[PDB]
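Accompanying notes for the structure given below.
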Amino acid sequence: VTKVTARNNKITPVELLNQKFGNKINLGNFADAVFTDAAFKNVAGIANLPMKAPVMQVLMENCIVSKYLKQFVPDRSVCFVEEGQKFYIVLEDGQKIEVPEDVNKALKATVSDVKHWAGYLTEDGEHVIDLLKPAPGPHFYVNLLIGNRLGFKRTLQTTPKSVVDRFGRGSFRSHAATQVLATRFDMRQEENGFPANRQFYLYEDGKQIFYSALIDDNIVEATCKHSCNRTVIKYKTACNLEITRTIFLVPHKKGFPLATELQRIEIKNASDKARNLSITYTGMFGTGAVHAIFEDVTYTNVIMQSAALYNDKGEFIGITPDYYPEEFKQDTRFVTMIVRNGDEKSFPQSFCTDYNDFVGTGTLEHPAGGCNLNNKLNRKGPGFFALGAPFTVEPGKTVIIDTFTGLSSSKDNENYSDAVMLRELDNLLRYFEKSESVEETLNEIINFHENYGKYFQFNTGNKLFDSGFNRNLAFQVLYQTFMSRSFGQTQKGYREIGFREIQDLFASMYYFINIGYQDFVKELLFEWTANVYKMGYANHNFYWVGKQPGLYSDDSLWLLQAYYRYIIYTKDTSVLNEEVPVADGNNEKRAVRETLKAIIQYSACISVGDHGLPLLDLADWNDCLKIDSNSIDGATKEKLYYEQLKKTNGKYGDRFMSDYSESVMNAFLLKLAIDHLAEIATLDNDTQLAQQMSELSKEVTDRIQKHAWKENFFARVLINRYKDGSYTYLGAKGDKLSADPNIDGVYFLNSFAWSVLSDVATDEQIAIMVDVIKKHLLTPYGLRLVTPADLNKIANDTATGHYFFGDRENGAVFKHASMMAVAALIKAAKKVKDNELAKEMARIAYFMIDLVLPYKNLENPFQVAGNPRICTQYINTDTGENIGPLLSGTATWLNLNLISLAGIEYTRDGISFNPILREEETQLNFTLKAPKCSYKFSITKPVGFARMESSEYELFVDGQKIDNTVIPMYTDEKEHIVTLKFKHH
Amino acid sequence: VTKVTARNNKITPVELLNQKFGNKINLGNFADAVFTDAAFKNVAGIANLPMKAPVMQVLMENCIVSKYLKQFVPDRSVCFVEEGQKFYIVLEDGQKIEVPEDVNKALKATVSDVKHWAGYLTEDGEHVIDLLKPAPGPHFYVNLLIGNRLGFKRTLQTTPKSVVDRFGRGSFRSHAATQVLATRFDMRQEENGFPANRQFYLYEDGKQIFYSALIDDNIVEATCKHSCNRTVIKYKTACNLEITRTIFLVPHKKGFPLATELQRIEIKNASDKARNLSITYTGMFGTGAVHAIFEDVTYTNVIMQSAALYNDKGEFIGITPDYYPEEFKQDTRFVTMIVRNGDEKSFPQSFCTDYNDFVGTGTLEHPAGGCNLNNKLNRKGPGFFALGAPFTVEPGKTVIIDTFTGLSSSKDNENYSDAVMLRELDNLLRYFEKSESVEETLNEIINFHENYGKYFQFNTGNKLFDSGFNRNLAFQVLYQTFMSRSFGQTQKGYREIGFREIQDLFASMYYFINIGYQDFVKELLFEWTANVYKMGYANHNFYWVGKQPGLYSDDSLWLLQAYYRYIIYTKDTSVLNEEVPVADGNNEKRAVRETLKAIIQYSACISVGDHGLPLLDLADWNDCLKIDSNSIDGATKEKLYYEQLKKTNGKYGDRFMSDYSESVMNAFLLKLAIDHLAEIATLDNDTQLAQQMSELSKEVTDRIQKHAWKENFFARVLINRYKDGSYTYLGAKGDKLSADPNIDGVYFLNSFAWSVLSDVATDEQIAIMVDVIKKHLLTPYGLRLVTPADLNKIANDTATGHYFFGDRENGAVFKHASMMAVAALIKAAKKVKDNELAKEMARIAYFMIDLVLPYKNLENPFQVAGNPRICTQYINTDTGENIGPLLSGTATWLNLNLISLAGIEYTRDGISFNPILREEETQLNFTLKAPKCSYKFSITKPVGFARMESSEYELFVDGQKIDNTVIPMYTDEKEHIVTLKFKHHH
Ligand SMILES: [Cl-]
Ligand SMILES: [Cl-]
Ligand SMILES: [Cl-]
Ligand SMILES: [Cl-]
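Residue numbers (the authors' numbering), protein chains in the order written: chain B, 2 to 986; chain A, 2 to 987.
Structural data, given as structure tokens:
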């Protein structure tokens, strides 16, 4: 027997359709096709579609069309062609046959609005999704909801988060990986949570008429609306019922439970007769013993039971899971329902807590015992629940059903017990007693996010771009500030906060400072600073406490960038005097200034190699550069360094002798950190530190230029353990480590990116590196991280590849690294003397940006997939598809790059204004917010590339012409108009 | 707000029904009820049921009955009563109302055959299950299938196993935890595998008419039949189609894939017109990156793609998942289908490797794109597959569809690659080319399992008991021998073979030796012996290599029992001269005799405490006895012992000085091991070793009697770290560690069990311990492992418990320990001088056995649950429910106890015959096999307790009266008749 893989099947159905029917009928620009048999010999297809879409998949789903096609498809190839609003089927012999009337109607209905099969974005950037259409990808129809713990304790560690799909499916978490609603770990990326979560059934006379997660013949229209931090789903039934589901997380208030999700269900009777209905709201609680799910499911079942909840009047209101083991009694979950007939209030009348009893002989979509619940409290788990309530809807009236699903934790209370949960639940239910309270809370959420996004507002003509930046990107930046990489559609494991993830704060910081939350930014800075050891290295991860001390060599250097941004923007140098605990513990404290100095010393004097550059250690920002198999962490290095000092009679600050490899990216980060510290010291009137840092910066730049530049590129790694000279560096021409015979040497994008960002590379080096990037690192789908490399030569135990070509490490386009490179290109284009080179870099930067903007994913959704409102991780260079997860560094650097392209850069003297517009653009207007003032920026130019470095321009501030391009930060609480006009040449 | 837990809700619906209707109508012996509202104030129920069953749930599932009940509930309580073949509804005010005709008909239909709602057992012990009825428990409707790797390499590590439920759902594994069909790790115990596994749809004219996992209005009848190593499911449709699915694992043959599961689907047209139908067979391949499922699902999806398979003629035959990473490339999976119209052969015409496309806008039960597959090969995972084929069934004819789902592995081939899988698949498909080949293979499986269980055959009048022992228990013992505790309905993680699990071989050994596989038993013995270190300790776990050296103090001592059983039965002492590798590695080998001597020395001279008994170390057979928080494993103790010997100028064999605790269970195991080694040496003509072992046994018995007996019981552990005397022992009266104020001291069942089994306890001590057991350790649901204990005075970090009362460690009845105690009781009842004491112990033993026999679970299925063909782990002492998993030590010791109660015991001189029958029994007939002969045993007695120790009896062998009760092992290939008649008293 023989085997044929998916990738080895060269001929696609569309190619075969083009071959068979290309020269006989007009196939248009896009068409769809499907093989009619397992031999891949004949195809059935449809021609002239507005865009690529799985039209044949939907057509085969139709009984009439399938029946009609069955008389040709098995043996003959057919194609559908529309002429004069009339459909014909074309065979391989040229026969054109008019299809019957019913087939014609079915085809006309199907091909209608094909361009909207993936939904569309409103003027506010909200995604409107049809529930009956195929999904471009597992992440396309996903929305992320977050809580609000601002003004409370451990904001990062206690903010609730949730993921909601087009049908309301997903999971809900409270802190770390604590599950309120069960998460599903299965084979499919689409299944994030237990299927029963957030779903409900409506019964009329004991017979099911509605299920919230099934679109049947009784539903005439069903749509979902994904917006910022809330989801709305609307159904219309053939029996004239209007159903509206609104799902959102409750912002925290004093006395509330730690996590609470609210779903409001509005049932409106659009008929002229009163209807007596019943609602059954189902769900599944998440288990406390997550590990046991994979080890002992019986253990998870037998350690918990169900309990009923009653109010002060003795009426059943909800269910909770009760755990025996003490470790699982520190969190208490709850679900409650309330029914409002305008002003009358009623509570659920029945409940079920057994999945087997609920489903019975039916299925989850058609449960056999879904209407009449047995009211039996299960003695075991899992925490499945269903609450049933009857009600009556008068003609033209509406009934509301509010469901609160939440969790109380000991992480926010002392002497925690179930009594605490009961008290917090009582407070929550008292707060949401009136019907209008829910609407007020929703409006509060909406207004909070609208106001948060007002730090920077684009006002161009492109409504989609304006909405995507002003609302969607700002919300994603806030989300990645609170969570880092912990939760998502396919991010379901337990993850701690990585030290370098402070990169997120690079952007969100500004927003937070402009809604009066500067103290929150300071607290985040101090929390990160608390994870730096006395020597200078930092913990790699931390949620409640740090771990993995000094495992990676780059972690500590991002803190300098964060502090520089904060201090430059706010001018608040007092943070340097704050006493923060050191990661070593023992109740020792150190000033922030000393911690920054220690970081610089560790990365510049102690942990350095033979060439004076920082050591690679286990790895750096790039986790695949595991060159040294005998690497050591921070603590081992510290003890060995002290032993060396004692033995050699050295002094603290001397180099730690070894033959380990050196990282050039770390060298660039160190140079940038030293420059930032020099600027901070200058702002702090510390002249001695400023001049010392300036001299150290010059020394480090000289070392990098002398040892890292290799006549074609900046090397990525310097190798020191091969005395014979077989291998000495990696990441430039002549390194002898290229796995591609057509490429002489390996090239890393980060090399060029952070050589430009650190301000080490010169103009000639920038030009050479840009040429190399265009030659090798630039692909039709963007800038790839690195060219193929054969690391087995220098690291024998490097293992082999894990991914097909184009996926992740096998030549994919990582959007985070590409965005960093785009930042470097933007920075270079502002100051490079050569105008042609600047124009080329600007073109490359805009080309790369166009591949990352989420909204543009809706241009060809069924080819690029991704998500039209949330940034994804990487692009598959084999197919061009955008692949999750939804949380990554793409959003932060995209926001920074878009703001910098507008010309905004914060320096010691104010805003350094230097916009770089698109060639086709002729106008750019935006509004900027600042503590104590605001700006209205307008830029005008003719068609073509224009920049302040090599173009004639006029700049006015408040109507007064000015010469210097640095606009001061005003403090008069007024709005200042800035106008730039590029003269036509 | 306030909360009420399930256990705090004291009043049950049935109690309230009795209160409200008890004195007004006859409720019979059993009834069912449900609360009508969340306040638990009113009930609706039905009276006079044959047995407890969830009748009200089924009634609520009925639209007519629910509509009728809505007119009274939830405001008023109602009860259904059947008088004069007509149904009435009774209210709390005495009103009796005759229900309408439709309601009466529905109630009559539902109340019928309530006594068979959980199925029934055939005369062959096969479970017949109705697919429309509720499940007593998550394990009740489960069947386990195993392969056959006998005569091949690494039988334990390479035998395939599978679990099949009443609907055919489950998973399928090849070796270790390698998944052929996807396993599901979710919140529910019922979901063992992916829902689509082993399922198919039938379409007619493009419209779905049948789904194998859904019972709808088109299904008239649907039943499943669980038998030994095969499952059969039958459906009848309203359109006159008869569907039958037969699922079983293929026994291995040369050139076959390592794992292969075969499902045969027969479609018979019972109408008078030809039907043009289409079949779509679906499934999900298991992923190679199991950890990535919880870590990174995207990684799991992106590292694999789909590939199509074609035969020599170029015709599509199936799908396979193709992996890029090298680690997930040593195993290659496949699924293939073939359609037979009697003699004409055809292959699937379409396929769909994509769950989203298959389901479309519908569901898995009603897929939207299930009829017309898109024939698209997915570039990503997961390995979902559907194969579609059309066919035509003529009137009165049958169409067969054979599906082979399997896996080839590098564990059985050198230079493995995907080409090896193609070659093995070609061999398999060539073998199963004719239609009758599948039937021949099924008959071969059936005959093999029928012949395997002929070592011991009961021939009593109770057909259920005879089938449960002769067929079901034998198969379970074989299954546990091949898979110790690795796979099951709820045993879904990765587990290795524990050393203790050698206990399984205690039973299955005999069967194997009587089926021609003595060499297999020897290979298993040597494989276990290879995990014993030179010092004497053993690895705790091992699948391909051992791990955790000497982590537990009892592991090495079971090997002596295994060797004793084997050598005594076969008299093959040559195994003692075999050279086996030592667990230390370095290519060092040792003779078996020396390994046994080293085990004895380690447990008797080196690893001992202040009292001279074996050290507890981290723990012993009981994993909850973590008394010492500074325990060390075998290697640490070995290096410390060597440095101590060097420092103190000692010699090898001296005690390892320490203040660690001692285990009395280990002491009993050591005494039994020493006695066994003495007997082996005597059989081997090694007089010096026999004398040395006899003296050592006497000395160890003296130590145990002097330091372990505490005037009321045998202590469980001895404490040596408290010099002030605050605590010195645990497991007897006055130990000061009892957590129950009404019980003075803690008592362990294993203490008595292994004091009797090791032959250390005396008659007076046995009587005292039996009294204590009756006082404290005997409950209405059996013998509990241990009375409540504190264990916090001596171990500060002991935790606070994880289970509600009656579950596992919080007072449950563990069937394995109870069976060991029953073995001790049986052994004592045969030899104690006091006849009343023997009668009491026999009564207790039979009472405990009646709670463990799987078939009796069908007497009150909806209250005890369990499984009517497979033994479970423990009984919940709060409710009496039997709880899984299905694999445990219960089956082995139940088999041993049943055989011993029949009077069979193998000694040096032959069979020691000493039956112990039930008091009510008057006849016991059975047949026994020996490697060179066979016996027919018949025992007759009057009503009442009778034993050879205290009753007058006549024993005839081959018609000749004999005096000595030891029947020799004949070697003349004849059948010998043994008759034992107990004389009527007086
Ligand atoms: Cl995600
Ligand atoms: Cl890199
Ligand atoms: Cl199991
Ligand atoms: Cl024990």
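All C-beta atoms, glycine included, are put in the ideal place defined by N, C-alpha and C.
### Query
Does ligand 4 have a heavy atom nearer than 7 Å to the CB of A:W559?
no
### Task
Determine which residues share a DSSP beta bridge with A:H128 and list them.
A:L122 and A:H227
### Nearest candidate by alpha-carbon position, reference A:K831, set A:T224, A:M188 and A:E950
A:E950
### A:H985, DSSP secondary structure in three states
coil
### Query
Using a beta-carbon distance below 8 Å, is A:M188 in contact with chain B?
yes
### heavy atom of ligand 2 below 7 Å from B:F753 C-beta
no
### Message
Tell me which residue opens and which closes the alpha helix (DSSP H) that A:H292 is part of.
### Response
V291 to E296
### Contact list for the segment 260-288 of chain B against chain A, Cβ threshold 7 Å
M285 and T288
### Query
Among A:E860, A:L859, A:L897 and A:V853, which one has its Cα closest to the Cα of A:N877?
A:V853
### Message
Helix, strand or coil, according to DSSP, for A:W545 in the structure here?
### Response
coil
### Message
Does chain B have any CB closer than 8 Å to the CB of A:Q549?
### Response
no
### Message
Please report the distance separating the alpha-carbon of B:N587 from that of B:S604.
### Response
24 Å
### Query
With a CB to CB cut of under 6 Å and the five nearest residues on each side skipped, what residues in its chain are close to B:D618?
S554 and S632
### Query
Just to confirm, does B:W622 get its C-beta within under 7 Å of one of the non-hydrogen atoms of ligand 2?
yes
### Query
Would you say A:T404 faces chain B, with C-beta separation under 8 Å as the test?
no
### Query
Would the C-beta of A:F359 count as close to ligand 4, meaning under 7 Å from any of its heavy atoms?
no
### Query
Looking at the structure shown, is A:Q874 part of a helix, part of a strand, or coil, going by DSSP?
coil
### Task
Can you pull the chain A residues whose beta carbon is under 7 Å from the beta carbon of B:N373, in chain order?
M61 and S67
#### Entry: Backbone secondary structure at A:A679 - three-state DSSP
helix
#### Entry: Exercise answer, beta-carbon shell around ligand 1 heavy atoms below 5 Å
B:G489, B:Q490, B:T491, B:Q492, B:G885, B:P886 and B:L887
### Query
Relative to ligand 4, is the shortest distance from any of its heavy atoms to the C-beta of A:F749 smaller than 7 Å?
yes
### Enclosing beta strand (DSSP E) for B:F211 [first to last residue]
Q209 to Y212
### Task
Find the nearest neighbour of A:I850 within the set A:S889, A:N811 and A:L897, judged by alpha-carbon distance.
A:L897
### Message
Can you list, in chain order, the residues of its chain with a C-beta nearer than 6 Å to that of A:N144? Leave out the 5 residues immediately preceding and following it.
### Response
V165, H227 and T232
#### Entry: Residues that B:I294 contacts on chain A, provided the C-beta gap is smaller than 8 Å
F186, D187 and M188
### Beta-carbon spacing of B:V291, B:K381 below 8 Å
no
### Message
Below 7 Å on C-beta distance, what does A:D323 contact in chain B?
### Response
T6
### Query
In chain order, what residues of the same chain have a beta carbon less than 7 Å from the beta carbon of B:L826, not counting five sequence neighbours either side?
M842, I845 and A846
### Query
Exposed or buried, which one is A:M658 when buried takes at least 16 other CB atoms within 10 Å?
exposed
### Query
By Cβ distance below 6 Å, which residues in the same chain neighbour A:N515 in space, the five residues on each side in sequence not counted?
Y456 and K930
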